[PDB]
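So the protein lines, in turn, are chains C, D, B, A, I, H, M, N and F. Residue numbers 1 to 45, 58 to 274, in the deposited numbering, belong to the letters of the first sequence in order. Residue numbers 60 to 276, in the deposited numbering, belong to the letters of the second sequence in order. Residue numbers 2 to 46, 58 to 216, in the deposited numbering, belong to the letters of the third sequence in order. Residue numbers 58 to 276, in the deposited numbering, belong to the letters of the fourth sequence in order. Residue numbers 1 to 57, in the deposited numbering, belong to the letters of the fifth sequence in order. Residue numbers 226 to 276, in the deposited numbering, belong to the letters of the sixth sequence in order. Residue numbers 1 to 47, in the deposited numbering, belong to the letters of the seventh sequence in order. Residue numbers 226 to 276, in the deposited numbering, belong to the letters of the eighth sequence in order. Residue numbers 226 to 276, in the deposited numbering, belong to the letters of the ninth sequence in order. Reviewing the structure listed below.
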Amino acid sequence: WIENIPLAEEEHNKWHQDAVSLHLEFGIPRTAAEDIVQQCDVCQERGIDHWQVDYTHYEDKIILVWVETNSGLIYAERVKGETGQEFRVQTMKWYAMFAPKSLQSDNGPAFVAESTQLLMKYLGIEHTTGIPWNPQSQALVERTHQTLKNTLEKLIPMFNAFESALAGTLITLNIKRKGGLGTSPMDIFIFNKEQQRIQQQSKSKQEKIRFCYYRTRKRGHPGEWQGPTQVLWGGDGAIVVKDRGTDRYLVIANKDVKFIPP
Amino acid sequence: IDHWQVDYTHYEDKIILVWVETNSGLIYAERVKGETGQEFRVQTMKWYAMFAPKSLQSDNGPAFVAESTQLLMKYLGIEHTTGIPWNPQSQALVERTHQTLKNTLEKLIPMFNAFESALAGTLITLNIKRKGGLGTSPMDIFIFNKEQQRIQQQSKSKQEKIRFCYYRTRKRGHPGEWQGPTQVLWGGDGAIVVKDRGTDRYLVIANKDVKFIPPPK
Amino acid sequence: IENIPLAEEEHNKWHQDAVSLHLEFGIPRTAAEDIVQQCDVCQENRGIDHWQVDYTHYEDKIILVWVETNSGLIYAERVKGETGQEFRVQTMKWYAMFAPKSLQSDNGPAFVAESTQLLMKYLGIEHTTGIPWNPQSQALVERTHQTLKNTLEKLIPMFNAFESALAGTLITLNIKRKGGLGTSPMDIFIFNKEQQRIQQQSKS
Amino acid sequence: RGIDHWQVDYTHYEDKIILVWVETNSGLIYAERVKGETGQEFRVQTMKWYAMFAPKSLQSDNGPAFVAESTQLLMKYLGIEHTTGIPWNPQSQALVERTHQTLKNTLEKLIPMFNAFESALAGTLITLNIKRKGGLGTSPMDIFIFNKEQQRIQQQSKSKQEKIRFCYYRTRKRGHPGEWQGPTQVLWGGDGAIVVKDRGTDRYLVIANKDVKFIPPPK
Amino acid sequence: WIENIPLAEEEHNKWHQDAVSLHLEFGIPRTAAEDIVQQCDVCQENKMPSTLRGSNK
Amino acid sequence: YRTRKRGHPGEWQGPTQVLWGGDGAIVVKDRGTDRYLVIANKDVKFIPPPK
Amino acid sequence: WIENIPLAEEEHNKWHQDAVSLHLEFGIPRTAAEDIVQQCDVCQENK
Amino acid sequence: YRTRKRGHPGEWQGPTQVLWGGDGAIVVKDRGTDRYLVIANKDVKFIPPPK
Amino acid sequence: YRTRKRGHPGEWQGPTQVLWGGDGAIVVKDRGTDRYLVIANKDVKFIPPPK
DNA sequence: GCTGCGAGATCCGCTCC
DNA sequence: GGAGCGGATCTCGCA
DNA sequence: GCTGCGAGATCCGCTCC
DNA sequence: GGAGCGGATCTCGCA
Ligand SMILES: [Ca+2]
Ligand SMILES: [Ca+2]
Ligand SMILES: [Zn+2]
Ligand SMILES: [Zn+2]
Ligand SMILES: [Zn+2]
Ligand SMILES: [Zn+2]
């Protein structure tokens, strides 16, 4: 946790990994990995709970597409109409069973409305609307629709309706399609939630800013007290701080820190 | 382990179907338009899409007893049993969940304006605000059970290694011949312990004079 | 033994791909291929050790790229020019470093020749030349090209030699990158190779 | 003779310079034709070698390119332990020297078959890595693949619960019993013997059950 | 047995393997593999000289 | 030694070196925090001497 | 003794003799002749 | 067999028949000079008879 | 111990004390340069300590 | 119609006092 | 259990 | 503050048919 | 008694 932060930072400086890879490798919190990645000047100059929504039709019926950037999870459900009210119904019914944090979409008649933004404001999940001019996004969106629509005709004859094939497509994609060590995309999502839940136990007691002094040990010589430095994250007797001089993250034991009243 | 149940409720001349879990307590709600079996079939397959059950128990229904329905449920491979449940625990859980959801939905009336939005919002509130045990949501305990069963099923991989190794000793200031092959007993940092056949004695040998070989046929 | 009928029934019910059946039932790869070929719906319309070969232009630099379909393992090298001799040397080195069983590529001058076809028959690897039909290989290789060029642009100024930057990009995209259950695109290939070895040893 | 231990050396073959890397444990080899022996070429070759598979230690002798300023910085950047043998002791890197013979002898056979020298090198790599199948019937590449597969740490991290026990033991010098030396954590418990890590000597020792006793478990 | 003998012979012609390798791969007898490897002109030409030594009077 | 929080005892925390034997309580040294603590006698399990 | 194996096999096809004669007249090892006559369906089925 | 001139061994020659097999060395018959030669065991390469 | 320069071994030097005994080689202390050196087992001559 | 050799160090396993 | 002791084992350099 | 190595031939002693 | 066969043993040449 606290101890391996500089190791992750220097590894990312060497190789320029991503936040998810750093989290899976060094075990650092996802927030810390995101902070490290975002602060990279080269990176400034793809993640969990990040989804994309696209519109498609088949046999003159309305269907919505929800593609997860990381877990490769696809979800769909029948939609009566493209109006704003029905669109909101589907969007928040999507949150009924999922807990995302980011979402991207294009411009549409039901995307923008006087009540659409205020409704998502209550949910609190950040959403960005823009034009996907990235060639990677263009080629990634194309394959998902073909993959989901190819499985439709493989099970039409003995299913009664199209909404019946709606669940069959999800069964074909999210249940049987497996990579790695026989891991399904839903397995990836469920496992991701496991390590995602851990950081709540730490951030629950960390929601109150504190200033503290730090002391640098050099060959067993305490030297002096230095600070003040903002406490980044807490640990079992270890505290990580930012050095103003060397611009590096340092780890100090709990026996060389005091409390400064606000 | 992975038991599910179905129950319908009537409110304001409308029918709401509820999926209930016994061991964990998952609750799901949906608005059933008509009593035709097509709606029940599509709801069941949507549930199979969004959930991975192993056992389902339910009462009798006008559309449940149909050859096509049994054929479809056997196509999905799930099991189902007929007859009214006689377990008081299941009845108590179902009644408590139904009364709680009814109370929550009737309390939440002024906040919404639409209907489908209202049902899905009630689903959100019931599935999120329900804190059981150490503040665990029903979906949270469900994913806990899934990850626990997955890790207990996959834990056998780390146990089936039984790798083989060679070893050699220093005699009269010079290295000896590569004795083996043999199966390692315990391997830690710096050295590993092995069983010798010449003297039937345990010997600890460092990593600087060993070789690692997969077990033979 | 019963795994073969179970896989046949499951493919009849759902029509999945061979790799998933092999991974989740442990059935032999030949049996999975036989089941796949025996499906008329699939025939009328992601293999292990299946590779794709392509060329890449990078502001006058010629790069030869080898992509494994099942595992995101990328092997990139620098080639002086599109020549049959250079391609044969590169493909023999590639077969020297890995243990492939099949290859897919487009119709090209150096790709299609009597000498290279004879050499690949000499090695003993199935070859398929033509326009791809599965809408997965094209997107996968496009993503590989995009990521490779992005990483090459990112890592070029740190090192001196261009081959050094290529090696660094291969390190980043093959070992350092991780996904799924904390697994690398290179550990997956080793696991698959070990599974193939143990299955071959058990069978014959 | 480490697991991720590699020995690197240069060799000459009819106005050709070949750089050879030899893995100690499995015996897998990797040879490449190099124009010269400059530091930059060696750095490129060694980082390509790291890219192909991840080692942990390297052994080499003194040389204009093996030891220098830039190469040591590169090895520290990669994180590879580097050891230098005694000068004027070519016997130190015995494994690579023997692989030199085993490579030249086999490469002599494949020269007429292929017009390109690199093709001959790839062919001899085939016949010495995959097609060897020596010993019990496992090629060196198979051994390397198995060792890499079993090296995964996630398997070891799967289980975090295990019974913990402590023990009392004493030394045995010339058959004379000593005195009990503190409580020690049991490393592994078998039949007829046990393993104890002595902190005073910082070494692993084996003690028979006749000189081993167990503290009562907490209650 | 007899059927795979040409396969082993051509494999050894292509790659110049060892007798033990051929025996472990194709299941041919060790004697057959020894006969195949000893009949290779290329292997005979590049083989190392025999090591037999005697003693003084 | 086991720690108590409002009457709820903890776990044995493994063996530890003793410091001094008082009347009704003893003093021990923690390894995680390097802090000296005091534990009541009823919450301490004695290790018998070698026989 | 490998070069004459196909010739011995075609001679066996022409004559259908027993393994001992083939071994004793061609120099083939006994095990190879036994396996050859085992592979012979006609020679195997009439035993 | 091969012949050594001024210490440096010569090119391999043959194949020929072992006229007399001895433990220390052997005697071979040369075609170029039609003379008998004795070759030590360190300069010989035993091969099966050709056909 | 003796030191090899350009392959040719030098004159024997000593006697000195074995600071660290190792199987492959040993470490000795030099008086002329006041520096530590590592000498392989093929360039050493073990003798009893003088008195 | 023939050829490798041993001196000088170092421990094990032994039995005897 | 201390004790010395006969013998198997090792490398290297004559040409 | 460290280091010799094995591939390629040849018989013995073995047991199995 | 014929039979093949696994393994101990030998030298020499990489630097
Ligand atoms: Ca002389
Ligand atoms: Ca060398
Ligand atoms: Zn960065
Ligand atoms: Zn199919
Ligand atoms: Zn050959
Ligand atoms: Zn016949």
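Built from N, CA and C at the ideal position, the CB exists for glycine as well.
Going by the beta-carbon positions, is the gap between residue i and residue j smaller than 8 Å?
i	j	result
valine 253 of chain N	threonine 241 of chain N	yes
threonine 81 of chain C	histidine 62 of chain C	yes
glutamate 34 of chain B	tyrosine 67 of chain B	no
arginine 100 of chain B	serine 127 of chain B	yes
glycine 192 of chain C	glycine 192 of chain B	yes
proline 275 of chain H	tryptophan 237 of chain A	yes
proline 197 of chain D	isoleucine 75 of chain D	no
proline 6 of chain C	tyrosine 226 of chain C	no
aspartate 255 of chain H	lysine 267 of chain C	no
Just mark residue i as buried or exposed, buried being the case when its beta carbon has 16 or more other beta carbons within 10 Å.
i	result
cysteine 40 of chain C	exposed
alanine 108 of chain D	buried
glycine 194 of chain D	exposed
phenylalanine 203 of chain C	buried
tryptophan 78 of chain B	buried
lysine 205 of chain C	buried
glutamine 150 of chain A	buried
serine 21 of chain M	exposed
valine 263 of chain N	exposed
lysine 270 of chain A	exposed
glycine 247 of chain H	exposed
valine 243 of chain H	exposed
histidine 233 of chain H	exposed
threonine 181 of chain B	buried
Please name the residue or residues paired with residue i in a DSSP beta bridge.
i	result
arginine 229 of chain F	F:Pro234
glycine 191 of chain B	B:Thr195
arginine 90 of chain C	C:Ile75
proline 240 of chain A	A:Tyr225
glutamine 64 of chain C	C:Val79 and C:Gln116
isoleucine 264 of chain A	A:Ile251
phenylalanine 271 of chain A	A:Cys224
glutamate 11 of chain B	DSSP output for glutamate 11 of chain B lists no bridge partner at all.
Looking at C-alpha atoms only, which residue of the options is the closest neighbour of residue i?
i	options	result
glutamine 38 of chain M	M:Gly27, M:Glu9, M:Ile2 and M:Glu3	M:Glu9
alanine 88 of chain C	C:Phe223, C:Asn266, C:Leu135 and C:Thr184	C:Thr184
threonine 163 of chain B	B:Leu115, B:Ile143, B:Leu178 and B:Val153	B:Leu178
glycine 84 of chain A	A:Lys190, A:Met170 and A:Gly142	A:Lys190
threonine 141 of chain A	A:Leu130, A:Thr156, A:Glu126 and A:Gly120	A:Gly120
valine 65 of chain C	C:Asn146, C:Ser114 and C:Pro273	C:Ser114
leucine 131 of chain C	C:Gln102, C:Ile264 and C:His157	C:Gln102
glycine 59 of chain C	C:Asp72, C:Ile36, C:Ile75 and C:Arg30	C:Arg30
Chain C contacts from the segment 175-187 of chain D (Cβ-Cβ distance under 9 Å):
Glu175, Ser176, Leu178, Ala179, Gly180, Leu182, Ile183, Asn186 and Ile187
Select from the segment 240-256 of chain A all residues with a C-beta closer than 7 Å to any C-beta belonging to chain D, and list them in chain order.
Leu244, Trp245, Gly247, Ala250 and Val252
For the segment 132-165 of chain D, list every residue whose C-beta sits within 7 Å of some C-beta in chain C, in sequence order.
none
Which residues of the segment 197-217 of chain A have a Cβ closer than 8 Å to any Cβ of chain B? Give them in chain order.
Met198, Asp199, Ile202, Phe203, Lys205, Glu206, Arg209 and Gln211
The segment 6-21 of chain B: positions lying closer than 7 Å to chain D by Cβ:
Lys14
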